[PDB]
Each structure stands twice: as C-alpha cells, then as structure tokens.
Amino acid sequence: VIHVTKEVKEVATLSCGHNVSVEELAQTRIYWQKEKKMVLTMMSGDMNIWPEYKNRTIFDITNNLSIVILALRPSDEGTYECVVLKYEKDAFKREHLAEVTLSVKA
Amino acid sequence: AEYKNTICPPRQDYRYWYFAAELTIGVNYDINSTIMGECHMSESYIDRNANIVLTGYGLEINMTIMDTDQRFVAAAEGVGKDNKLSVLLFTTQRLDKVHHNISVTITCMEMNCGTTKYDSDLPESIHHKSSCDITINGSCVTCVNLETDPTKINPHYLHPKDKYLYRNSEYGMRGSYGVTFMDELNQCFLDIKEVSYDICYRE
Amino acid sequence: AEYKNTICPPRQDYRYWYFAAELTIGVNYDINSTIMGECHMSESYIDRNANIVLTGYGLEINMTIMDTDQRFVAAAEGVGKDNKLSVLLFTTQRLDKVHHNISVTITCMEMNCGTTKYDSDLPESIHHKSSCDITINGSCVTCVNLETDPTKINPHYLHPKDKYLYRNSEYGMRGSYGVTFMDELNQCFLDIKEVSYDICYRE
C-alpha cells in the first residue's frame, strides 16, 4: 500500500512489506526513514529511535517489519522508506527497499 | 509480416535522450570539484547488450545492460561532498517494460589500486526481478548505489539546448541496487541540485 | 584469489603526490640562487626498484629505493645559504610500513671532479632497520643528509595548484641518514621556508 490516509489522532500503521526471520536479525540492519530524516534503526539488535518519534513509535518485527505511530499529527505527513540490509561477507547488501506515503486529513 | 518495434538506427548526434539510470560512487581518496574535460566515455551496442565505459576522477566504470533494446547516448559526471561521484546515464527510448540485468565493474586507476576486492550479485530491492553483477578492483570504493529508471531525480539540471530529454514516471519501473563497505549506513545519497555536472566526451 | 594492494598504473601526469624524502647537499663551490629550468630529472620504476637521476647546479644525483611499491612522480630543487642545495622528492602513495634500503650516488660535473672519493654504508640513525649506500665521485661535497618520510618538513610551500599532496605524520616511519666530511659539526640543515624551490623538468 503505497498511499495510506488516516484522520488526525488516529492510529497509523506502515508495513515495511518484508518478513525477516528472528534468527538473522543479528546479521541485518533495518532503517525506517522519512525524506532523509532518520526515524528508526535496528542495527544488529541494537535499536534506536530518534526524538521526533521516540514517544509514539512501536516497531513490530513479526508483522512485516512494520511500525505504528499513535496520535497522528499534521506535521507527520510525508513519504517513508524502509531499507533492509544483510551482512554478507565483508559487505552490507541492500536486500529490500519499500516506499510508503502517509497523508493526514484535517 | 507482424509488426514489432525495433531499435532506432545509429547516428552521430542523438537528439532524444532517456534518463536510463543514476550511479553514485563514494571513494576514500580526495576528489575536490568538477573538472571540465575530465570524463571520457565509450559506448557499444553489440548483440542485444549495451556497454558504456567511463574514465575519470581516478575511476573506470564499465556498465552493461543485458538483452536490451536501448542504446547508450550520453553520460554526465559530477562531484559532491564527502568524495561522492555521480554519473548520469542517458540511453535511447525504452521500448519494452521489462527489468534487465546489469553488470557494473569499478576499477581504481589513481589511488588504492589493487586486484579484485569485491565480486557478488546484488538483488533488485524494490521488485526482485533483476540483478546487478558488481565487481570492484581496488580498496577505493566505500559505497555503490545504482538507480535504474529514476523517478524522483530530475535530469533537467543543465538540460542540453538542442536535445530532448525524457524520464520515467512510473513506480513499477524503478530499480534500486546498493552495497556499502563501511560500518555506518549506506549514506551514498547526494542531492542532485548541489552537484555541478559536466557532459562526458565521446571518443 | 586473496586480495593484495598493487602499485597504481603508470600515467603521464600524476595528481596524488607523497613527500618521499628530503635531501640536502652542501658543496664547496659557489651557487648563488635558484634558476628556473636548471634541474632536469629522469625516473624509472623497473623491477621493484625505483630510480631517479637529477642533473643541475653542477651535480648529478642518482637515488634508488630497493624493493618498494612506490614510483617517483616529481622532484624540486632549491639553493639556500652557504652553497646548500635542497632536493624535495615526491612519489606515489605508501602502501606498506616497511623501511626500504636506499642507494645514493653523487657525482660532480662542473667543479672538483674526480674518481670515487667515498663509498660506504650509512646506518639508519633513528631505528636501525635500513641502510644507505652512499657513493661520492668528486671532491665537491662537504655534507650530505637524507630525510626519508619527513614529518616536520612542510612540503606545501608552493603547493602545485592541480595536485594533491600527502605527508607522513608518524614518527615511526622517519628515517635520517647523514655524513659530514668537515671537522666542524654536520651543519647540513637549512630552513625550508627560506629556499625558493623550483620544479625539475621531466625528460
């Protein structure tokens, strides 16, 4: 679902669209970003959420590496991209890229 | 006697360009700014294979598209911050809507020269319907990013005066390949509007 | 198929210079000041040996680095006080952190010519991990001092406009060889910021 539209204050769900077994998360880095403003990082099990989204961000690995933002705000409208990288021998290889756009009606 | 589209004949000056792909290479030696006349390019459409070789800024880039009706017509190079090199590639029009396998070979010629440091296959991230055979000869590259059929990128910058320029607008034709050799994130992105580009010289 | 660094391919005009060494030679005949076009240089990377021959100011200097992955790319000469001649040598980048044996032959061409006045092996003073085979044909040299991988010396002086210049910052790679033929102290030092250097012409 490239385009998702939710009303203000509702629950926003964005699916990275890729399923990764819990076994390989150590050899995987997952980045959710929004127009080159980092949102969430899962570097080899070490997580990190930026201040703009630390309070209202839930990351679900099982559900297609999806994220949930509660209490949608008018300034959160934009395009979000999910990138998954696998640690191959002496390199980090991008194994999936997904782009999703969220619009807020007010 | 059934109709089928075919590639346009060769010429000397192609006035119709298509934004085929965008390549950003990050290097661990110093490149300062764009230099006029630095880049030199050669091209060949043999069989249904298209091949471009570019020399400049201490790198040789050999890019091939496999089983294609396109032909390479132009390339431009530019340099941005943090030793980033951007290569814009322009082919003839795209006839069929099918992803093609790519082969990229990057060789270092001025700094950190060596033998084959990397050789692998990169899946197409968005659709997983193609692949890029990446080969790197040297210890000079830190990241490679390949965008086939760019959409967001605006190739009009210094739009050449006498030519026509076309760009993809569908999200289903996008393709994104990439590898990063550094512990940090890929960070192989760079803004197009902050790069000063120069057309490569055919020879 | 194990990766190993290799020397960069030859070119016509190099742009990435490395401050290989500094050589100071004091003479007992008169030299006034620098002359634009006095020095002429020749270079050869044969086997793993690098060789440079410089002709100017009444001297011929034949310097050789043995079993190295470097190549000589440039040299500059300048005339200081009390008939002191300074030679700045620039090679390609350094790959391994190993001290290389050096050979230096100084021949007089205009004053105090002769046969082989000196032939000896100077130890590396700081670390004693290399040696310099010094040969002197003539009676014109009072002192000689070779500084390999200088740190304190600043090679930026008239930094060439279109090049890049690198230098060693580690004390562990410094090397200092020297011989004085006069009853006084070596006194072969000369300040860099008081010598009007000029680039030797390749031929």
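Residue numbering for chain A follows Swiss-Prot, covering 35-140 in order.
So this one's electron microscopy, 2.9 Å, going by the header.
Each Cβ is built from the backbone N, Cα and C atoms, and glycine gets one as well.
Copied over from Swiss-Prot, here are the features:
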type: DISULFID; residues: A:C50-A:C116; note: disulfide bond
type: DOMAIN; residues: A:35-135; note: domain 'Ig-like V-type'
type: CARBOHYD; residues: A:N53; note: N-linked glycosylation site
type: CARBOHYD; residues: A:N89; note: N-linked glycosylation site
type: CARBOHYD; residues: A:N98; note: N-linked glycosylation site
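Long-range Cβ contacts of A:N89 (N-linked glycosylation site) within its own chain (separation 6+, distance under 8 Å) are none.
Between the listed glycosylation sites, namely A:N53, A:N98, the fewest other CB atoms within 10 angstroms of a CB are found at A:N53.
Remark: A:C50 (disulfide bond) has A:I64, A:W66, A:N98, A:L99, A:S100, A:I101, A:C116, A:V118, A:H130, A:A132 as non-local neighbours, by Cβ distance under 8 Å and separation of at least 6 in sequence. Secondary structure at A:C116 (disulfide bond), as computed by DSSP, is strand. Neighbour density for A:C116 (disulfide bond): within 10 A of its CB lie 24 other CB atoms from the protein chains shown.
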